[PDB]
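Next comes just one chain, in structure tokens: the form deposited in one PDB entry.
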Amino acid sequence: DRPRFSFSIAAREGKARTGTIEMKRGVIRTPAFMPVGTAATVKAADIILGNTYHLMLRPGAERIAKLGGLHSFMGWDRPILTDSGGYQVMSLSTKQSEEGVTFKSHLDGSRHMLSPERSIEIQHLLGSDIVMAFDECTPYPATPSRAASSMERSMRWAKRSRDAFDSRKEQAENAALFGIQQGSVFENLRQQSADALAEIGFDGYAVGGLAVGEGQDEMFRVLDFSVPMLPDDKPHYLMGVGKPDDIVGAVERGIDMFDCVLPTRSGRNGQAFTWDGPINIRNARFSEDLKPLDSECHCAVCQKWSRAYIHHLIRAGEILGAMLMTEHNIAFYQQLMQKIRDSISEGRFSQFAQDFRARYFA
């Protein structure tokens, strides 16, 4: 019988690590990509995401619980990770206070408060296995004073999240809780945030406040000093990242877990990922191209259909085209993660990262 949570590092190369998270509902191989569950039929990825913000508004967390929780609802018996919901409230919905955030639903005008306690309860009702602390994703750019005030509030909210999670027996005994580091681009604030989170104690640690407009060079610079501040023996989750090259560089800097809307968003908009870079399949140059989306990809789409046919479907308005693109993109991301894990385990990740970049950007 698997434990509630156990992270083991099997191999390392530089700052990169590969290993496993064991949870009751399954094993997660790291570095891991965690896809959205609703964009395609995901098969046994090791873990999928639930969209807390959307689920709060439709059909509501209480209703999801009445339906048996997300595992039953989505037909997925393996681990599920949910965010704390505030990122999207600030992004898509507001009135803020030390208690939390209040906002109105665009779907029907209903009122909603979101606090550390309510966010944890929502994630409990959804039934997720990895629960995120309720934080504030500081806007970018931010002055040092505003970044500090924001981070300090997030650390108070992290303690309230910890206490709310520990108060619910089923959650404390069966799920895991991750804390989220903030501090914008400032090394001293990132250090204070890491120290506060480690003092509270979490099962895993996320790097928050990135992928919010800063650009890859700046993101990598912040990761260079921020990831070593987190406990080495716990998983590191970079929220909102990212493109394939973002993932490779973040793994080089010690990140273990990733989520990004790109593969599913790109698939609905004609963009396919390949080892030679992204392609927009709607372009006329693909109308007679008999090659698969990617020449090495092992996914079911690339085994059967050509670029020309997928181009045709999308140009004809057939949803089948976008579905095949999305299935290929999710599979490409998982093949990327498998190559990353194998190369770290084999001591050739540095070479893989170099070869990957030379071809992806050629």
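Throughout, rigid core stands for the largest set of C-alpha atoms superposing within 1.5 Å between the two forms. Heads up: residue numbers just count along the shown sequence, starting at 1.
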Point to revise | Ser306 left out of the model in a third or more of other PDB entries | key: no
Review point. Quick one: across the other PDB entries of this protein we compared, is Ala272 left without coordinates in at least a third of them?
Key: no
Review point. Does the entry skip any residues of the deposited sequence between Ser93 and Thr94, and if so, is it 1 to 3, 4 to 9, or 10 or more, or none at all?
Key: 1 to 3
Practice item. Between 106-114 and 230-238, name whichever shows the higher mean Cα B factor according to the PDB entry. Key: 106-114
Revision key, fill the gap. Comparing mean C-alpha B factor in the record for 6-14 and 349-357, the higher one is 349-357
Review point. From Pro139, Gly249, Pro79, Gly204, can you pick the one with the highest C-alpha B factor in the entry?
Key: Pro139
Exercise for review: Quick one: which of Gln181, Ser84, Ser161, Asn269 shows the highest Cα temperature factor in the PDB entry?
Suggested key: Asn269
Point to revise | Chain third (lowest, middle, highest) by recorded CA B-factor, residue given as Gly209 | key: lowest
Check your understanding: Against its chain's modelled residues, does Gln192's Cα B factor rank lowest, middle or highest third?
Key -> middle
**Study point:** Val222, C-alpha B-factor rank within chain (lowest, middle or highest third)
**Key:** middle
Check your understanding: Mind checking which third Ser97 falls in for C-alpha B-factor across the chain?
Key -> highest
**Study point:** Ranked C-alpha temperature factor of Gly37 among modelled chain residues, by third
**Key:** highest
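Although it is not shown, the form deposited in another entry is what the next lines describe.
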Exercise for review: Shifts of 2 Å or more in the Cα, rigid core superposed between the shown form and the other one, apply to only one of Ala39, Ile28, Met34, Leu324; name it.
Suggested key: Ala39
**Study point:** Post core alignment: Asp108 C-alpha displaced by 2 Å or more between the shown form and the other one
**Key:** yes
Study note, to complete from the structure: Working note: in the other form the C-alpha atoms of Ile340 and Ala39, off by 3 Å or more, come farther
Revision key, fill the gap. Against the displayed form, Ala39 vs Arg341 by Cα, in the other form, with 3 angstroms or more change: pair is farther
